[PDB]
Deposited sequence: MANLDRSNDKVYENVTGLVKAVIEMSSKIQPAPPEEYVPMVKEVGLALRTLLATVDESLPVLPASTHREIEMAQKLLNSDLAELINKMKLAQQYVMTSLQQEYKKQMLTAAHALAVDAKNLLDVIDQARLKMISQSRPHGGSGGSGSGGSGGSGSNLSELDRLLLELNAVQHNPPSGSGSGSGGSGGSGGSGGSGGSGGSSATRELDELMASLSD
């Protein structure tokens, strides 16, 4: 009963890693050059696409109770991706003109709800797994993501002074 402990931690891990980037990029988002912007979207786009896969296998990993939310979360995630890719895609072309930092601001906002969402996903279902343990038959840290998240908020405040179909289509548009 300890062989399927690989994917269970994977989904819970990705939900954290992606968050680390969401904040990082939000830090150097302003100075974010045109050479780092191209790939920047790649990282974010990977979190969304990966989230679907990770969570997909996370369904059974968790106790049956949050299936409804998990299901709706799948489609929801997709929408978020297109939302981020689109915004970021704008600043990518609106950088050679002058409206660079402008479009960048929006990215931070959307990206903000992204990390929170990706986290809330496992955070919510977390009450299910624990609900069983803390009752009968019991048989990278949350706090870390909390503080870090808070920073992202301040960063934006001011300077330092089908589903599968869309995913595929976006890939082509992002490639060339």
Could you list the ranges of the deposited sequence that have no C-alpha atoms in the model?
140-154, 177-200
